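Here's the letter readout for the chains.
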Amino acid sequence: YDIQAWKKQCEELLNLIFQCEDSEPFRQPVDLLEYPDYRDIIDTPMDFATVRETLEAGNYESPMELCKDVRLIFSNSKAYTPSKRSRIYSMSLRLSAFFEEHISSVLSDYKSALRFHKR
Ligand SMILES: CC(C)c1ncc(Cl)c(C(N)=O)n1
(Lines give C-alpha, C1' and ligand atoms only; values in the text may rest on other atoms or scores of the structure.)
Protein backbone atom coordinates (compact mmCIF):
# COMPACT_ATOMS: atom_id res chain seq x y z
CA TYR A 1 0.00 0.00 0.00
CA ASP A 2 2.99 2.34 -0.58
CA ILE A 3 1.57 5.25 -2.67
CA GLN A 4 5.13 6.36 -3.69
CA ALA A 5 6.59 2.96 -4.69
CA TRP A 6 5.71 3.31 -8.37
CA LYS A 7 8.45 5.91 -8.94
CA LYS A 8 11.45 3.64 -8.23
CA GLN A 9 9.63 0.80 -10.01
CA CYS A 10 9.35 3.01 -13.11
CA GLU A 11 13.01 4.07 -12.83
CA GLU A 12 14.03 0.40 -12.78
CA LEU A 13 11.77 -0.45 -15.73
CA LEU A 14 13.24 2.48 -17.72
CA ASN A 15 16.74 1.15 -16.89
CA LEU A 16 15.73 -2.25 -18.35
CA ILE A 17 14.26 -0.55 -21.43
CA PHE A 18 17.52 1.41 -21.99
CA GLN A 19 19.44 -1.96 -21.84
CA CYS A 20 17.09 -3.49 -24.48
CA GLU A 21 18.52 -3.20 -28.00
CA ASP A 22 14.93 -2.69 -29.25
CA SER A 23 14.82 0.71 -27.49
CA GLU A 24 17.68 2.32 -29.44
CA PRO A 25 15.48 4.19 -32.04
CA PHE A 26 13.37 5.58 -29.16
CA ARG A 27 16.01 6.67 -26.62
CA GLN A 28 16.25 10.26 -27.83
CA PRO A 29 13.87 12.54 -29.79
CA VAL A 30 13.46 11.58 -33.49
CA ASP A 31 16.06 13.41 -35.63
CA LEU A 32 14.30 15.74 -38.00
CA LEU A 33 17.34 15.84 -40.31
CA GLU A 34 17.03 12.04 -40.79
CA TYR A 35 13.14 12.23 -41.11
CA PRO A 36 12.30 15.75 -42.37
CA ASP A 37 8.55 15.14 -42.62
CA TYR A 38 8.23 13.75 -39.05
CA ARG A 39 6.34 16.73 -37.61
CA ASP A 40 3.91 16.69 -40.62
CA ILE A 41 2.57 13.32 -39.29
CA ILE A 42 3.43 13.36 -35.59
CA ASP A 43 1.90 16.08 -33.42
CA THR A 44 3.50 15.14 -30.13
CA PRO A 45 6.99 13.65 -30.25
CA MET A 46 8.01 11.49 -27.30
CA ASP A 47 11.08 9.41 -26.42
CA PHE A 48 12.46 7.50 -23.40
CA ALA A 49 14.98 10.15 -22.36
CA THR A 50 12.13 12.70 -22.12
CA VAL A 51 10.12 10.18 -20.03
CA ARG A 52 13.08 9.51 -17.71
CA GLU A 53 13.81 13.23 -17.32
CA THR A 54 10.14 14.02 -16.60
CA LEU A 55 10.11 11.29 -13.91
CA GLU A 56 13.40 12.43 -12.35
CA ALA A 57 12.23 16.08 -12.33
CA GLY A 58 9.22 15.04 -10.21
CA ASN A 59 6.88 15.99 -13.05
CA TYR A 60 4.80 12.80 -13.07
CA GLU A 61 2.13 12.56 -10.38
CA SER A 62 1.24 8.91 -11.09
CA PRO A 63 2.46 5.92 -13.10
CA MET A 64 -0.63 6.35 -15.35
CA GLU A 65 0.85 9.62 -16.64
CA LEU A 66 4.20 7.90 -17.34
CA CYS A 67 2.39 5.04 -19.05
CA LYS A 68 0.48 7.55 -21.31
CA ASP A 69 3.82 9.08 -22.47
CA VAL A 70 5.45 5.64 -23.08
CA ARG A 71 2.38 4.54 -25.08
CA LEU A 72 2.73 7.76 -27.15
CA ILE A 73 6.28 6.62 -28.14
CA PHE A 74 4.72 3.44 -29.55
CA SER A 75 1.71 5.10 -31.22
CA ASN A 76 4.04 7.64 -32.88
CA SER A 77 6.12 4.75 -34.24
CA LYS A 78 2.98 3.09 -35.62
CA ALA A 79 1.71 6.36 -37.14
CA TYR A 80 5.06 7.13 -38.84
CA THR A 81 5.84 3.64 -40.11
CA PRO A 82 5.57 3.27 -43.90
CA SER A 83 4.89 -0.48 -43.37
CA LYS A 84 3.71 -2.87 -40.65
CA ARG A 85 6.85 -4.91 -41.49
CA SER A 86 9.37 -2.05 -41.08
CA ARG A 87 12.39 -2.67 -38.84
CA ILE A 88 11.84 0.24 -36.39
CA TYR A 89 8.09 -0.45 -36.09
CA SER A 90 8.80 -4.17 -35.38
CA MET A 91 11.23 -3.09 -32.62
CA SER A 92 8.49 -0.86 -31.13
CA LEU A 93 6.02 -3.79 -31.03
CA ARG A 94 8.39 -6.01 -29.10
CA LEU A 95 9.35 -3.20 -26.75
CA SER A 96 5.66 -2.35 -26.19
CA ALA A 97 4.91 -5.98 -25.24
CA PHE A 98 7.84 -5.95 -22.78
CA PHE A 99 6.70 -2.60 -21.33
CA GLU A 100 3.04 -3.67 -20.95
CA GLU A 101 4.08 -6.93 -19.26
CA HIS A 102 6.11 -5.02 -16.66
CA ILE A 103 3.93 -1.89 -16.11
CA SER A 104 0.78 -3.88 -15.29
CA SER A 105 1.83 -4.65 -11.66
CA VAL A 106 3.10 -1.09 -11.17
CA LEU A 107 -0.29 0.33 -12.13
CA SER A 108 -2.22 -2.28 -10.15
CA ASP A 109 -0.14 -1.74 -6.99
CA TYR A 110 -0.45 2.04 -7.24
CA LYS A 111 -4.23 2.00 -7.79
CA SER A 112 -4.65 -0.49 -4.91
CA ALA A 113 -2.50 1.71 -2.58
CA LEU A 114 -4.54 4.77 -3.50
CA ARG A 115 -7.82 2.94 -2.87
CA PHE A 116 -6.49 1.86 0.57
CA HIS A 117 -5.44 5.44 1.32
CA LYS A 118 -8.97 6.66 0.52
CA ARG A 119 -10.83 3.79 2.25
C1 LIG B 1 11.71 6.21 -34.54
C2 LIG B 1 11.21 6.98 -35.76
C3 LIG B 1 12.37 7.72 -36.42
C4 LIG B 1 10.50 6.00 -36.69
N5 LIG B 1 9.31 5.50 -36.25
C6 LIG B 1 8.76 4.42 -36.92
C7 LIG B 1 9.44 3.86 -38.05
CL8 LIG B 1 8.94 2.39 -38.68
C9 LIG B 1 10.62 4.50 -38.49
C10 LIG B 1 11.36 4.07 -39.76
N11 LIG B 1 12.47 4.81 -40.05
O12 LIG B 1 10.99 3.15 -40.50
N13 LIG B 1 11.16 5.57 -37.82
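In its metadata, the entry names X-ray crystallography as the structure determination method and reports 1.2910 Å as the resolution.

Looking at the PDB entry, the protein carries the name PH-interacting protein, with the source organism given as Homo sapiens.

Student: Hey, could you run me through the packing of helix α4 (residues 63-80) against helix α5 (residues 87-117) in this one?
Tutor: The angle between the axes and the distance between the axes are what describe a pair of packed helices. Between α4 and α5, whose axes approach to 10 Å, the crossing angle comes to 165°. When the interaxial angle is binned, α4 and α5 end up roughly antiparallel. Regarding α4 and α5, the two cross each other, and that crossing is left-handed. Side by side, α4 and α5 meet where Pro63, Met64, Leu66, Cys67, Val70, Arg71, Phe74, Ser77 and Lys78 of the first sit next to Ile88, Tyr89, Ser92, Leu95, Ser96, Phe99, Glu100, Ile103, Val106, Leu107, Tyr110 and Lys111 of the second.

Student: Just checking my understanding: could you explain the packing of helix α3 (residues 48-56) against α4 for this structure?
Tutor: Between α3 and α4, the shortest axis-to-axis distance is 10 Å and the interhelical angle comes to 170°. In terms of their interaxial angle, α3 and α4 are classed as roughly antiparallel. On α4, the residues touching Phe48, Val51 and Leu55 of α3 are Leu66, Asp69, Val70, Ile73 and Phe74. A breakdown of the residues in the contact of α3 with α4 according to their chemical character gives seven nonpolar, no polar and one charged.

Student: I would appreciate a short explanation of the site of the ligand in the present structure.
Tutor: The environment of the ligand is formed by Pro25, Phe26, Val30, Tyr35, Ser77, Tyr80, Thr81, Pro82, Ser86, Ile88 and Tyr89. Measuring from a nitrogen atom of the ligand, one finds a side-chain N or O atom of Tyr35 at 3.3 Å. Protein burial of the ligand: of its 360 Å² of free accessible surface, 89% is covered by the chains. At the level of elements, α4 and α5 are the ones that each hand at least two residues to the shell around the ligand. Residues belonging to the shell around the ligand are distributed by class as follows: eight nonpolar, three polar and no charged.

Parameters and conventions
Residues numbered from 1 in each chain as written, not as in the entry; some residues may be left out. Heavy atoms only, no water. Residues with missing side-chain atoms left out of burial classes, pairs and counts. Axes fitted to C-alpha atoms, helices over the stretch in contact; angles between N-to-C directions. Helix = DSSP H or I, 4+ residues; strand = E, 2+ residues; numbered from the N terminus. Parallel < 35°, antiparallel > 145°, perpendicular 65-115°, else oblique. Left-handed = near helix turned anticlockwise from the far one by under 90°. Contact = heavy atoms within 4.5 Å. Nonpolar A, V, L, I, M, F, W, Y, C, P; charged D, E, K, R; others polar. Near = heavy atom within 4 Å. Polar contact = N/O pair within 3.5 Å; in protein donor to acceptor, adjacent residues only side chain to side chain. Areas by Shrake-Rupley, 256 points an atom, 1.4 Å probe, with all protein chains shown as cover.

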